[PDB]
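Okay, structure first, notes after.
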Amino acid sequence: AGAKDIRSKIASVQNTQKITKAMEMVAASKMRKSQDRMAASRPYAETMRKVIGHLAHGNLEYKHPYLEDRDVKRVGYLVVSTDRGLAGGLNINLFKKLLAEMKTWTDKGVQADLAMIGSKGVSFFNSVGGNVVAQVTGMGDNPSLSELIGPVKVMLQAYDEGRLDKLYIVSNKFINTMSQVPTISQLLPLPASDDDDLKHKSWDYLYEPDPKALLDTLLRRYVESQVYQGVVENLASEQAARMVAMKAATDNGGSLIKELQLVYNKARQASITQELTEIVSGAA
Amino acid sequence: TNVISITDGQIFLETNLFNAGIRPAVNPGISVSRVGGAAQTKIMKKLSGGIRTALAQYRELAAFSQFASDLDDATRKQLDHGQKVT
Amino acid sequence: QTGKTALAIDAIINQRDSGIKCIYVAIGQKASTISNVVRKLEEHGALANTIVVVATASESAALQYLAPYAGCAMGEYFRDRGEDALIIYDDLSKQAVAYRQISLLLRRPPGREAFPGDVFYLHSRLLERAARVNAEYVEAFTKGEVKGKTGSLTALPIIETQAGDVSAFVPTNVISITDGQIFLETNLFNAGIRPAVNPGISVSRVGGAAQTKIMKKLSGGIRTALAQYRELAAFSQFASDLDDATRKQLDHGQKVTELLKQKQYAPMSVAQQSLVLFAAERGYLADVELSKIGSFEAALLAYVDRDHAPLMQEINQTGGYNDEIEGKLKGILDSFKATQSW
Amino acid sequence: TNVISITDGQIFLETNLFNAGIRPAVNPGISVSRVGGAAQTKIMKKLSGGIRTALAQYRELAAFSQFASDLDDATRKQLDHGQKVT
Amino acid sequence: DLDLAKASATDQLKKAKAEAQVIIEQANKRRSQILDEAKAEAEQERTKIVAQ
Amino acid sequence: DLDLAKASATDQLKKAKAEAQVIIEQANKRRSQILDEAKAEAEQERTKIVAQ
Amino acid sequence: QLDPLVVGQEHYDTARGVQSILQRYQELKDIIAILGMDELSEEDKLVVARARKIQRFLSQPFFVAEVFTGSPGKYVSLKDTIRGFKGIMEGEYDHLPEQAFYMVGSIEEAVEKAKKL
Amino acid sequence: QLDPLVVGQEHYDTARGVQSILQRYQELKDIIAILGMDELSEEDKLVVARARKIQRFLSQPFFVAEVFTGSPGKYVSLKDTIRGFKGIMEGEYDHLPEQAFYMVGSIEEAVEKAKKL
Ligand SMILES: Nc1ncnc2c1ncn2[C@@H]1O[C@H](COP(=O)(O)OP(=O)(O)OP(=O)(O)O)[C@@H](O)[C@H]1O
Ligand SMILES: [Mg+2]
């Protein structure tokens, strides 16, 4: 206490408020750039999914393991997590949703396997004893598809090897600048999602060399691309959450200054009084 | 604070700028002349009319700078100009 | 209530066999506490070695104010005859209050916080009686009866600070008079760290010159371990984000700090402190888990006391240090860390 | 404090509440009546119960339950009644 | 069989370790027994030699 | 490799068994010494108190 | 009187554990105040969640305070409270809401109060 | 008295250079803590190495502290102080390990001490 301590604390908290306001600005710009990069992904996935429309669930059928709803003995999850803190509750809400559903699954006796994107989930599930089979980390704010090839490759190789029976991606969904929602959504076996080619019965392709060889790589690339889309949306959601969290923290600091300055003024006055009564009642 | 209440302005000399090598370390924003341009020769009243607040803003913009690479060049022009004049 | 009295009375108990006579002079304490600490000095062997001077809170101000001089005059009987003594003024911050009362009743002009002017010169000429006198002054004083021995009187005044504030009148004087400070912190005392000595602001101008050279060797590394820990500590609340190259330091700091905790009325011989610091300095604790450090320490101190007693005897008796001693210690740690358990 | 120490309670009127149109701005939680219900008519005592601790709890609950909330239906009815009461 | 030896050895060491850890607890308690016996027989003696 | 591995397999029982023996043979001396030293203290304390 | 040699090891150790938790909780209130509860480490969230229970369980209803609160007073024996605090600290009542502990007698009135909300 | 007109430009520039190096190393400590060393640039790792070597070289053994440490004291002329710090900042002695500079005295004693380490 004493004026010269409380003024030092007020100074340090004002500095903290500078820091958090700068971080809010930075995050608010990075969110825009990240959602531009989020809308530069739709064409590839959408056209490729239209293609898989015609080739697979067309009037013509084909015998791919990744379109048939075989039996569930164990399930895989691709987990997207930030590489950086200060994100608000994002990661933990997501991990709690995941843990609740993975509990519901293991209550039928099925095992589960995790592939981790981002280091925060890596640490969390190393602590909670999850079954992490592969991971990639340090992508930061520059996610790239080439880095994702590893873990999704592992999960696919395990799926077609029979070792998995269903595959999920768990990630945040950027909806509004002010609201993002965690979602667990399936990507193997491929969902049934309209895209009817009954209209396109007018034509069929020249397949070089054959449709099955293509359909294989089509589906593999498509899964890779949906994982990438998920990573990029989660990145934009992280930026939005950091923006709102730093906003809240700047207003908290701004109120703590109001408290500290009342304490400071009280100490200022008490010190003046006690100095002056010590002088005056000294004389005589 | 007695004397600040008696006089017609103050030139606030800032230790941080002085140690950093900005000599004379005049601190804009917090320093002020209350007679204003009435005391300033015409040419200087013309040429200097912007400097004060432009610098007052640059000094906080360049304080935002350090926590942000990848600056919008609409602001990088400003952070260059302020540094020129400083 | 941070252990100021406990620290001094363990300092007194530990001299029960060291040749140093001890004097414990109590200013302004309530009698049923003096009786309690005397009952504890009697439990352990220390009472037969020490003098107690009492000025209970009910005694007039003149006695409370003169008691420290009456104690110093009883330590000087030993100093001036070639022996060693230790004197512990409990609460000079109550001698100062009694002297303030006496001054204000004599109508002397008051100073700051109403303390009289010469309250520096009050403590200055008390503490500067704590001295070591060379053998020639002894021979001159004892008129030739004692030769070649140097007397010594050691003082450990105690002060009490309101709300940790060290910028008040009496604290700021006695901090200026003395040779060092042991700052006891109430936060460290709550968090479990006992004794609560704050290493970052405690000092001792005598320093290593007063240690046994084994301790002088080994503690230098503890200073730096704790200094690096105190520079890094700010990140502990973001620790998960840190880099292992610093996480190593930030955990070694916590382990050495958990090592310096100690129970009351349990003093250690120099052999045991040296051994236990060597254990942490040479990385043996790098893998023991934080919550077990104390049981590790206890087991080690027990093991060595039966299976290597002659080395303890040597160290305690001479305090020396050699590559030979270092090899023996490394051997003891190696055998312990494998062939026993905590 | 000298007078809080002499009387048999206090009615603490808080300015934050008063600015929010809550008038009279009786802050429950600080205000108390050291004679308690012994003074009330039996009907009033029956109806009121420990209501003031109910509103103290509601008002501190609103301290965490603005930016987020948990147990979010029973806390929801707690908040609903506290709000309609106030 | 390498790891038969390995594992059985590790757990066999741990059992020796626990057996020591419980050989110690009886020791601590017996101390408390005999030392409080000495305390009782000390007070009960003092408080009658002095009365005499 | 059969000889080289089965050597360790046949030896580590002997070795780790001897060390599990050793741990306990220390702990036993610990118990015995404590039951001795509690006797030493039993005499020392009572003698102190009678002198008092 | 709070010495192992007077109150016995278990009581002393429980008291010091409670103090350690509450102090560690004080050391976090500034970061919690500024940045909110979400920036804490996953083990600090547990320290906070246990301290906020210990604080309530230190509450008690008094026989002479029925005037103020209606609730009937309670008398808690020592043996019956060091057990409750040892429990909360050891995390075996770590599945019960905070308001389950507020204004109760022994730890068994808390486990009951939880059932009724 | 620390301005070019009185100390000479050589001295003034060497002093301001030491200040610049250390003032940058202060910036970099808190990157190294969060990210570890390896994420720095080439010149950032090099600024760090020279900053640590300068920070070491400012230590010295005293003829009067000779009684606390046993090590004999050293007297360093101003010519040699400037020559040493300028040599370190230019990168002439980048090939010595840090501890060659601690408590070394003159700069030649650094190139000598580096042998025995
Ligand atoms: N090393 C320790 N470990 C555990 N407890 C301790 C330790 N040292 C002291 N204490 C406890 O701290 C409490 C306060 O001790 P003590 O009275 O010595 O402090 P103090 O500063 O003298 O307080 P006061 O200023 O009121 O005399 C004592 O009950 C003691 O049991
Ligand atoms: Mg005391």
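By order in the structure tokens, chains are A, B, ...; within a chain, residues start at 1; ligands start at 1, following the order shown.
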
With the cut-off set at 12 Å and counting only C-alpha atoms, tabulate each residue of chain G with an atom at most that distance from an atom of chain D, showing the nearest atom pair and its distance in Å to one decimal, ordered by chain and increasing number, as a Markdown table.
```
| residue | atom | partner | partner_atom | distance |
| --- | --- | --- | --- | --- |
| G:32 | CA | D:64 | CA | 11.7 |
| G:33 | CA | D:64 | CA | 11.2 |
| G:36 | CA | D:64 | CA | 10.1 |
| G:37 | CA | D:64 | CA | 10.2 |
| G:38 | CA | D:68 | CA | 11.1 |
| G:64 | CA | D:36 | CA | 11.9 |
| G:65 | CA | D:36 | CA | 9.7 |
| G:66 | CA | D:36 | CA | 9.6 |
| G:67 | CA | D:36 | CA | 6.1 |
| G:68 | CA | D:36 | CA | 5.5 |
| G:69 | CA | D:50 | CA | 5.9 |
| G:70 | CA | D:50 | CA | 7.4 |
| G:71 | CA | D:50 | CA | 9.2 |
| G:97 | CA | D:71 | CA | 9.7 |
| G:98 | CA | D:71 | CA | 11.7 |
| G:99 | CA | D:57 | CA | 10.3 |
| G:102 | CA | D:57 | CA | 11.5 |
| G:116 | CA | D:74 | CA | 11.8 |
| G:117 | CA | D:74 | CA | 8.8 |
```

File dump, residues just selected, N, CA and C atoms, as a PDB file, in the first residue's frame:
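For reference, again.pdb as written:
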```pdb
ATOM      1  N   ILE G  32      -7.246 -14.590 -13.071  1.00  0.00           N
ATOM      2  CA  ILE G  32      -8.649 -14.889 -13.317  1.00  0.00           C
ATOM      3  C   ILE G  32      -9.433 -13.608 -13.519  1.00  0.00           C
ATOM      4  N   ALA G  33      -9.115 -12.568 -12.757  1.00  0.00           N
ATOM      5  CA  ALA G  33      -9.860 -11.326 -12.883  1.00  0.00           C
ATOM      6  C   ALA G  33      -9.623 -10.685 -14.234  1.00  0.00           C
ATOM      7  N   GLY G  36      -9.931 -14.035 -17.306  1.00  0.00           N
ATOM      8  CA  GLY G  36     -11.019 -14.980 -17.205  1.00  0.00           C
ATOM      9  C   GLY G  36     -10.529 -16.386 -16.913  1.00  0.00           C
ATOM     10  N   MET G  37     -11.463 -17.227 -16.492  1.00  0.00           N
ATOM     11  CA  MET G  37     -11.090 -18.524 -15.955  1.00  0.00           C
ATOM     12  C   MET G  37     -10.581 -19.488 -17.009  1.00  0.00           C
ATOM     13  N   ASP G  38     -10.698 -19.157 -18.289  1.00  0.00           N
ATOM     14  CA  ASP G  38     -10.396 -20.123 -19.332  1.00  0.00           C
ATOM     15  C   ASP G  38      -8.911 -20.230 -19.639  1.00  0.00           C
ATOM     16  N   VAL G  64     -27.516 -19.533  17.364  1.00  0.00           N
ATOM     17  CA  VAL G  64     -27.920 -18.176  17.700  1.00  0.00           C
ATOM     18  C   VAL G  64     -28.214 -17.342  16.476  1.00  0.00           C
ATOM     19  N   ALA G  65     -28.131 -17.919  15.283  1.00  0.00           N
ATOM     20  CA  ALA G  65     -28.420 -17.208  14.052  1.00  0.00           C
ATOM     21  C   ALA G  65     -29.691 -17.704  13.393  1.00  0.00           C
ATOM     22  N   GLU G  66     -30.464 -18.547  14.068  1.00  0.00           N
ATOM     23  CA  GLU G  66     -31.769 -18.894  13.536  1.00  0.00           C
ATOM     24  C   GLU G  66     -32.627 -17.655  13.369  1.00  0.00           C
ATOM     25  N   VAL G  67     -32.432 -16.659  14.231  1.00  0.00           N
ATOM     26  CA  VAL G  67     -33.176 -15.412  14.113  1.00  0.00           C
ATOM     27  C   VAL G  67     -33.034 -14.843  12.712  1.00  0.00           C
ATOM     28  N   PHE G  68     -31.846 -14.949  12.136  1.00  0.00           N
ATOM     29  CA  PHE G  68     -31.567 -14.293  10.869  1.00  0.00           C
ATOM     30  C   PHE G  68     -31.918 -15.144   9.669  1.00  0.00           C
ATOM     31  N   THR G  69     -31.816 -16.459   9.780  1.00  0.00           N
ATOM     32  CA  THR G  69     -31.865 -17.295   8.597  1.00  0.00           C
ATOM     33  C   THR G  69     -32.787 -18.494   8.711  1.00  0.00           C
ATOM     34  N   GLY G  70     -33.463 -18.692   9.832  1.00  0.00           N
ATOM     35  CA  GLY G  70     -34.413 -19.777   9.904  1.00  0.00           C
ATOM     36  C   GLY G  70     -33.746 -21.128  10.040  1.00  0.00           C
ATOM     37  N   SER G  71     -32.753 -21.399   9.204  1.00  0.00           N
ATOM     38  CA  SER G  71     -32.146 -22.720   9.171  1.00  0.00           C
ATOM     39  C   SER G  71     -31.655 -23.111  10.560  1.00  0.00           C
ATOM     40  N   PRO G  97     -21.828 -30.151  -6.671  1.00  0.00           N
ATOM     41  CA  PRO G  97     -21.817 -28.720  -6.984  1.00  0.00           C
ATOM     42  C   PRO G  97     -21.410 -27.884  -5.783  1.00  0.00           C
ATOM     43  N   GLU G  98     -20.939 -26.670  -6.072  1.00  0.00           N
ATOM     44  CA  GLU G  98     -20.473 -25.795  -5.004  1.00  0.00           C
ATOM     45  C   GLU G  98     -21.558 -25.583  -3.965  1.00  0.00           C
ATOM     46  N   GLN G  99     -22.738 -25.170  -4.401  1.00  0.00           N
ATOM     47  CA  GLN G  99     -23.793 -24.853  -3.454  1.00  0.00           C
ATOM     48  C   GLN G  99     -24.253 -26.051  -2.657  1.00  0.00           C
ATOM     49  N   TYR G 102     -22.715 -25.243   0.938  1.00  0.00           N
ATOM     50  CA  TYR G 102     -22.999 -23.988   1.608  1.00  0.00           C
ATOM     51  C   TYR G 102     -23.965 -24.188   2.765  1.00  0.00           C
ATOM     52  N   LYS G 116     -30.991 -32.930  -3.631  1.00  0.00           N
ATOM     53  CA  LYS G 116     -32.124 -32.036  -3.789  1.00  0.00           C
ATOM     54  C   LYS G 116     -31.770 -30.776  -4.563  1.00  0.00           C
ATOM     55  N   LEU G 117     -30.640 -30.767  -5.264  1.00  0.00           N
ATOM     56  CA  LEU G 117     -30.076 -29.551  -5.848  1.00  0.00           C
ATOM     57  C   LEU G 117     -29.424 -28.691  -4.773  1.00  0.00           C
TER      58      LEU G 117
END
```

Cut-off 8 Å, only C-alpha atoms and all ligand atoms, neighbours of ligand 1 as an NGL selection string:
(:C and (1-7 or 160 or 194-196 or 261-265)) or (:G and (1-3))

For the residues selected in the previous step, produce a file with N, CA, C and O atoms as a PDB file, in the first residue's frame.
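Saved file part05.pdb follows:
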```pdb
ATOM      1  N   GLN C   1       3.666 -13.224  12.998  1.00  0.00           N
ATOM      2  CA  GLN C   1       3.321 -14.629  12.822  1.00  0.00           C
ATOM      3  C   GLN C   1       3.866 -15.189  11.514  1.00  0.00           C
ATOM      4  O   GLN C   1       3.123 -15.703  10.683  1.00  0.00           O
ATOM      5  N   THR C   2       5.181 -15.094  11.337  1.00  0.00           N
ATOM      6  CA  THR C   2       5.832 -15.700  10.190  1.00  0.00           C
ATOM      7  C   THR C   2       7.062 -16.507  10.568  1.00  0.00           C
ATOM      8  O   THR C   2       7.798 -16.933   9.679  1.00  0.00           O
ATOM      9  N   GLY C   3       7.303 -16.736  11.846  1.00  0.00           N
ATOM     10  CA  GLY C   3       8.420 -17.539  12.269  1.00  0.00           C
ATOM     11  C   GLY C   3       9.645 -16.777  12.700  1.00  0.00           C
ATOM     12  O   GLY C   3      10.720 -17.370  12.772  1.00  0.00           O
ATOM     13  N   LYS C   4       9.520 -15.492  13.018  1.00  0.00           N
ATOM     14  CA  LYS C   4      10.684 -14.739  13.459  1.00  0.00           C
ATOM     15  C   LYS C   4      11.238 -15.298  14.754  1.00  0.00           C
ATOM     16  O   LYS C   4      12.453 -15.397  14.919  1.00  0.00           O
ATOM     17  N   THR C   5      10.373 -15.660  15.691  1.00  0.00           N
ATOM     18  CA  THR C   5      10.866 -16.192  16.949  1.00  0.00           C
ATOM     19  C   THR C   5      11.354 -17.615  16.782  1.00  0.00           C
ATOM     20  O   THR C   5      12.348 -18.010  17.399  1.00  0.00           O
ATOM     21  N   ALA C   6      10.644 -18.414  15.991  1.00  0.00           N
ATOM     22  CA  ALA C   6      11.050 -19.797  15.806  1.00  0.00           C
ATOM     23  C   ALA C   6      12.444 -19.881  15.218  1.00  0.00           C
ATOM     24  O   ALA C   6      13.243 -20.728  15.619  1.00  0.00           O
ATOM     25  N   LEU C   7      12.754 -19.020  14.256  1.00  0.00           N
ATOM     26  CA  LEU C   7      14.062 -19.075  13.624  1.00  0.00           C
ATOM     27  C   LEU C   7      15.163 -18.783  14.629  1.00  0.00           C
ATOM     28  O   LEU C   7      16.167 -19.498  14.693  1.00  0.00           O
ATOM     29  N   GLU C 160       9.565  -6.125  13.451  1.00  0.00           N
ATOM     30  CA  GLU C 160       8.246  -6.457  12.933  1.00  0.00           C
ATOM     31  C   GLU C 160       7.748  -5.327  12.049  1.00  0.00           C
ATOM     32  O   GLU C 160       7.747  -4.167  12.465  1.00  0.00           O
ATOM     33  N   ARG C 194       8.371 -23.193   4.597  1.00  0.00           N
ATOM     34  CA  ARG C 194       8.752 -22.887   5.960  1.00  0.00           C
ATOM     35  C   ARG C 194      10.126 -23.464   6.269  1.00  0.00           C
ATOM     36  O   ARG C 194      10.337 -24.669   6.081  1.00  0.00           O
ATOM     37  N   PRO C 195      11.072 -22.662   6.765  1.00  0.00           N
ATOM     38  CA  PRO C 195      11.013 -21.239   7.075  1.00  0.00           C
ATOM     39  C   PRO C 195      10.808 -20.411   5.836  1.00  0.00           C
ATOM     40  O   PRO C 195      11.220 -20.824   4.763  1.00  0.00           O
ATOM     41  N   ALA C 196      10.180 -19.250   5.985  1.00  0.00           N
ATOM     42  CA  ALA C 196       9.683 -18.509   4.842  1.00  0.00           C
ATOM     43  C   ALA C 196      10.708 -17.541   4.278  1.00  0.00           C
ATOM     44  O   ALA C 196      10.332 -16.549   3.656  1.00  0.00           O
ATOM     45  N   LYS C 261      12.472 -26.506   2.312  1.00  0.00           N
ATOM     46  CA  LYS C 261      11.476 -26.550   3.365  1.00  0.00           C
ATOM     47  C   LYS C 261      11.965 -27.444   4.487  1.00  0.00           C
ATOM     48  O   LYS C 261      12.666 -28.426   4.251  1.00  0.00           O
ATOM     49  N   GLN C 262      11.608 -27.100   5.716  1.00  0.00           N
ATOM     50  CA  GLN C 262      12.156 -27.822   6.846  1.00  0.00           C
ATOM     51  C   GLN C 262      11.200 -27.745   8.020  1.00  0.00           C
ATOM     52  O   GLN C 262      10.438 -26.788   8.159  1.00  0.00           O
ATOM     53  N   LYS C 263      11.238 -28.771   8.858  1.00  0.00           N
ATOM     54  CA  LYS C 263      10.364 -28.832  10.012  1.00  0.00           C
ATOM     55  C   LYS C 263      10.997 -28.102  11.186  1.00  0.00           C
ATOM     56  O   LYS C 263      12.205 -27.890  11.236  1.00  0.00           O
ATOM     57  N   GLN C 264      10.160 -27.713  12.137  1.00  0.00           N
ATOM     58  CA  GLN C 264      10.625 -26.935  13.269  1.00  0.00           C
ATOM     59  C   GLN C 264      11.268 -27.835  14.317  1.00  0.00           C
ATOM     60  O   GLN C 264      10.929 -29.009  14.449  1.00  0.00           O
ATOM     61  N   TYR C 265      12.204 -27.268  15.072  1.00  0.00           N
ATOM     62  CA  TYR C 265      12.930 -27.990  16.109  1.00  0.00           C
ATOM     63  C   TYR C 265      13.668 -29.204  15.571  1.00  0.00           C
ATOM     64  O   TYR C 265      13.904 -30.161  16.308  1.00  0.00           O
TER      65      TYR C 265
ATOM     66  N   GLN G   1      -1.662 -23.390  19.338  1.00  0.00           N
ATOM     67  CA  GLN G   1      -1.875 -24.807  19.589  1.00  0.00           C
ATOM     68  C   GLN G   1      -1.805 -25.669  18.344  1.00  0.00           C
ATOM     69  O   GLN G   1      -1.949 -26.886  18.455  1.00  0.00           O
ATOM     70  N   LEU G   2      -1.611 -25.090  17.166  1.00  0.00           N
ATOM     71  CA  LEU G   2      -1.624 -25.864  15.930  1.00  0.00           C
ATOM     72  C   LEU G   2      -0.229 -26.426  15.678  1.00  0.00           C
ATOM     73  O   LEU G   2       0.519 -25.972  14.813  1.00  0.00           O
ATOM     74  N   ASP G   3       0.122 -27.437  16.468  1.00  0.00           N
ATOM     75  CA  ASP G   3       1.388 -28.131  16.332  1.00  0.00           C
ATOM     76  C   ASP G   3       1.157 -29.628  16.219  1.00  0.00           C
ATOM     77  O   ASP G   3       0.267 -30.167  16.882  1.00  0.00           O
TER      78      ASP G   3
END
```

As a quick test: using only C-alpha atoms and all ligand atoms, which residues lie no more than 12 Å away from ligand 2? Give them as a count of residues only.
34

Pairing every C-alpha atom in order, fit chain D onto chain B and give me the RMSD in Å.
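That gives an RMSD of 1.3 Å.
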
Set the distance at 7 Å and use only C-alpha atoms: which residues neighbour stretch 124-134 of chain C once local chain neighbours fewer than 5 positions away are removed? I'd like the list as a ChimeraX atom specification.
/C:69,150-155,177

Can you spit out the residues from that selection as a PDB file, in the first residue's frame, using C-alpha atoms?
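Saved to again35.pdb:
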```
ATOM      1  CA  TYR C  69      21.610  -3.209  27.262  1.00  0.00           C
ATOM      2  CA  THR C 150      39.457 -14.051  20.046  1.00  0.00           C
ATOM      3  CA  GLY C 151      36.171 -13.254  21.740  1.00  0.00           C
ATOM      4  CA  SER C 152      32.963 -12.686  19.865  1.00  0.00           C
ATOM      5  CA  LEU C 153      29.379 -11.547  20.448  1.00  0.00           C
ATOM      6  CA  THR C 154      26.800 -12.245  17.740  1.00  0.00           C
ATOM      7  CA  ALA C 155      23.488 -10.386  17.593  1.00  0.00           C
ATOM      8  CA  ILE C 177      22.710  -0.573  10.986  1.00  0.00           C
TER       9      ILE C 177
END
```

Define the interface residues of chain A facing chain B as those within 8 Å, counting only C-alpha atoms, and report them as a PDB file with N, CA, C and O atoms, in the first residue's frame.
```
ATOM      1  N   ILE A  19      -1.450  -3.900 -24.153  1.00  0.00           N
ATOM      2  CA  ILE A  19      -1.124  -5.182 -24.773  1.00  0.00           C
ATOM      3  C   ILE A  19      -2.381  -5.838 -25.319  1.00  0.00           C
ATOM      4  O   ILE A  19      -2.446  -6.231 -26.490  1.00  0.00           O
ATOM      5  N   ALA A  22      -3.895  -4.237 -28.405  1.00  0.00           N
ATOM      6  CA  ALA A  22      -3.148  -4.539 -29.618  1.00  0.00           C
ATOM      7  C   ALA A  22      -3.455  -5.947 -30.102  1.00  0.00           C
ATOM      8  O   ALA A  22      -3.624  -6.176 -31.307  1.00  0.00           O
ATOM      9  N   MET A  23      -3.541  -6.901 -29.179  1.00  0.00           N
ATOM     10  CA  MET A  23      -3.845  -8.261 -29.597  1.00  0.00           C
ATOM     11  C   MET A  23      -5.234  -8.357 -30.195  1.00  0.00           C
ATOM     12  O   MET A  23      -5.446  -9.122 -31.139  1.00  0.00           O
ATOM     13  N   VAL A  26      -4.880  -7.161 -33.816  1.00  0.00           N
ATOM     14  CA  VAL A  26      -4.193  -8.136 -34.652  1.00  0.00           C
ATOM     15  C   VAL A  26      -5.121  -9.293 -34.986  1.00  0.00           C
ATOM     16  O   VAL A  26      -5.245  -9.697 -36.148  1.00  0.00           O
TER      17      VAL A  26
END
```

Using only C-alpha atoms, which protein or nucleic acid residues come within 10 Å of residue A:1? Drop anything in the same chain fewer than 2 positions from it, and give the result as a VMD selection string.
(chain A and resid 3 to 7 263 to 264 267) or (chain C and resid 163 to 165)

With C-alpha atoms kept, could you save the residues just selected as a JSON list (two decimals), in the first residue's frame?
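again_26.json was written with the following content:
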```
[["chain", "number", "residue", "atom", "x", "y", "z"],
["A", 3, "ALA", "CA", 0.59, 5.87, -2.85],
["A", 4, "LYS", "CA", 3.86, 4.84, -4.47],
["A", 5, "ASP", "CA", 2.93, 1.16, -4.66],
["A", 6, "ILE", "CA", -0.58, 1.62, -5.95],
["A", 7, "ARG", "CA", 0.49, 4.06, -8.62],
["A", 263, "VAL", "CA", -7.72, 2.98, -3.38],
["A", 264, "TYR", "CA", -4.90, 5.23, -4.55],
["A", 267, "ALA", "CA", -3.99, 6.52, 0.31],
["C", 163, "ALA", "CA", 1.86, -5.05, 6.04],
["C", 164, "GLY", "CA", 5.31, -5.95, 4.79],
["C", 165, "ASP", "CA", 6.21, -2.19, 4.74]]
```

Could you produce a table of the residues of chain E lying within 8 Å of chain F, with the nearest pair of atoms per residue and their separation in Å rounded to one decimal, using only C-alpha atoms, ordered by chain and increasing residue number, as a Markdown table?
```
| residue | atom | partner | partner_atom | distance |
| --- | --- | --- | --- | --- |
| E:1 | CA | F:9 | CA | 6.5 |
| E:2 | CA | F:9 | CA | 5.1 |
| E:4 | CA | F:9 | CA | 8.0 |
| E:5 | CA | F:9 | CA | 5.7 |
| E:6 | CA | F:12 | CA | 7.5 |
| E:9 | CA | F:16 | CA | 5.7 |
| E:10 | CA | F:16 | CA | 8.0 |
| E:12 | CA | F:20 | CA | 6.7 |
| E:13 | CA | F:20 | CA | 5.1 |
| E:15 | CA | F:20 | CA | 7.8 |
| E:16 | CA | F:20 | CA | 5.0 |
| E:17 | CA | F:23 | CA | 6.8 |
| E:19 | CA | F:24 | CA | 7.0 |
| E:20 | CA | F:27 | CA | 5.2 |
| E:23 | CA | F:27 | CA | 6.5 |
| E:24 | CA | F:31 | CA | 6.3 |
| E:26 | CA | F:31 | CA | 7.9 |
| E:27 | CA | F:31 | CA | 5.3 |
| E:28 | CA | F:34 | CA | 7.9 |
| E:30 | CA | F:35 | CA | 7.2 |
| E:31 | CA | F:38 | CA | 5.6 |
| E:34 | CA | F:38 | CA | 6.7 |
| E:35 | CA | F:42 | CA | 5.9 |
| E:38 | CA | F:42 | CA | 5.3 |
| E:39 | CA | F:46 | CA | 7.3 |
| E:41 | CA | F:46 | CA | 7.6 |
| E:42 | CA | F:46 | CA | 5.2 |
| E:43 | CA | F:49 | CA | 7.9 |
| E:45 | CA | F:50 | CA | 7.9 |
| E:46 | CA | F:50 | CA | 6.4 |
```

Keeping only C-alpha atoms, write those residues as a compact mmCIF listing (two decimals), in the first residue's frame.
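Ended up saving to again_30.txt:
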```
# COMPACT_ATOMS: atom_id res chain seq x y z
CA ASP E 1 11.77 -65.55 -22.04
CA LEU E 2 14.10 -62.55 -21.87
CA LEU E 4 9.85 -63.15 -18.41
CA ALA E 5 13.11 -62.59 -16.56
CA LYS E 6 12.90 -58.81 -17.01
CA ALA E 9 12.75 -59.28 -11.77
CA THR E 10 11.26 -55.79 -11.72
CA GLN E 12 10.35 -58.95 -7.42
CA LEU E 13 12.47 -55.91 -6.64
CA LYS E 15 8.10 -56.57 -3.57
CA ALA E 16 11.40 -56.44 -1.71
CA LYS E 17 10.95 -52.67 -1.69
CA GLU E 19 8.49 -55.34 2.32
CA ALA E 20 11.14 -52.87 3.45
CA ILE E 23 9.40 -53.25 7.92
CA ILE E 24 9.94 -49.54 8.58
CA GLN E 26 6.43 -51.34 12.50
CA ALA E 27 9.79 -49.78 13.51
CA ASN E 28 8.33 -46.27 13.76
CA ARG E 30 7.46 -49.62 18.20
CA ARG E 31 9.55 -46.50 18.80
CA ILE E 34 8.58 -47.69 23.95
CA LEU E 35 9.22 -43.94 24.00
CA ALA E 38 9.54 -44.06 28.98
CA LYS E 39 7.64 -40.77 29.13
CA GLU E 41 7.47 -43.91 33.69
CA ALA E 42 9.38 -40.62 33.82
CA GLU E 43 6.49 -38.36 34.78
CA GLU E 45 8.35 -41.14 38.88
CA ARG E 46 9.20 -37.43 39.05
```

Using only C-alpha atoms, which residues sit within 12 Å of residue A:27 once same-chain residues fewer than 6 positions away are excluded, as a PyMOL selection string?
(chain A and resi 20-21+33-34+86-87+141+177+235-247) or (chain B and resi 67-70)
